[PDB]
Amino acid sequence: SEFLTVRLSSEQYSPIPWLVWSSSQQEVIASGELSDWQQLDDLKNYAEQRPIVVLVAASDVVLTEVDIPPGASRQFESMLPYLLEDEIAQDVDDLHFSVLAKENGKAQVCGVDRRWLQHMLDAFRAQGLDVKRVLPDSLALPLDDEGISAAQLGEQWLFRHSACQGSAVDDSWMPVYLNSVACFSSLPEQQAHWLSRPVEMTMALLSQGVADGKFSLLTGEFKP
């Protein structure tokens, strides 16, 4: 009925937006923002007896598509790091991968730094907070039939390209990155066809998507 959504990133100095959404009432019960990761103790009061969903920043996550080698669907996940080894900019052993979808001859993948994800879970565990789900913040945006769904959070633009594909980019180089966009916030002074949708609070909008979807990076080694 009610759940706490928390938006985290790799930047420990950056703010941590949170929001208590109620699917029963369809309303925002509580809302705030931690300044640093030093305030993780403050989330105790807002969690109480409610599931915690962590929204990792899509900027701190690799969301990409890869071709499944013919007739190797059952062993695909073991071959996943090696197929993406050239396409990531660090050692692929460092990343933890989660298959979001398998359709036709392609698979939808989400990678994240293993040590960061483990460290985030250890930070919440030290505070007595039990994280139920972890997913990319961009994938919590709603799908639109007329274009790419977008929303501004802080000084970043979240983009959901499709069901499993997504991204988060800074305002400074957002226009260069895009080279139609259904926007659920105030339109920027940038960009390339921006369709204005009814404006909502981004964390409230994301929370509604969290209630709809089942995606979670807590898989394999990170399963509860």
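One-based numbering along the sequence shown.
Asker: Might you work out how many residues are unmodelled in the deposited sequence between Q191 and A192, and answer none, 1 to 3, 4 to 9, or 10 or more?
Answerer: Going from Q191 to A192, the model skips 1 to 3 residues of the deposited sequence.
Asker: Classify the number of deposited-sequence residues missing from the model between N179 and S180: none, 1 to 3, 4 to 9, or 10 or more.
Answerer: Gap size class: 4 to 9 residues without coordinates, per the record.
Asker: So which stretch wins on mean C-alpha B-factor, 142-150 or 119-127?
Answerer: Taking the mean C-alpha B-factor of 142-150 and of 119-127, the larger value falls to 142-150.
Asker: Would you mind comparing 63-71 and 34-42 for me and telling me which has the higher average C-alpha temperature factor in the entry?
Answerer: Mean B over CA atoms: larger for 63-71.
Asker: Maximum C-alpha temperature factor per the entry, among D113, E77, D93, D137, belongs to which one?
Answerer: Within the set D113, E77, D93, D137, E77 shows the top C-alpha B-factor.
Asker: Give the position of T219 by CA B-factor within its chain, expressed as the lowest, middle or highest third.
Answerer: Middle third.
Asker: Would you mind checking where the Cα B-factor of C183 ranks among the modelled residues of its chain, as the lowest, middle or highest third?
Answerer: Ranked within chain, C183 CA B lands in the middle tercile.
Asker: Can you tell me which third, lowest, middle or highest, the CA B-factor of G213 falls into for its chain?
Answerer: Its C-alpha B-factor belongs to the highest third of this chain's values.
Asker: Using the B-factors in the PDB entry, rank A163's C-alpha atom against the chain and give the third, lowest, middle or highest.
Answerer: Answer is middle: the recorded C-alpha B-factor places it there.
Asker: Report the third (lowest, middle or highest) to which the CA temperature factor of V56 belongs, ranking only the modelled residues of the same chain.
Answerer: It falls in the bottom third of the chain.
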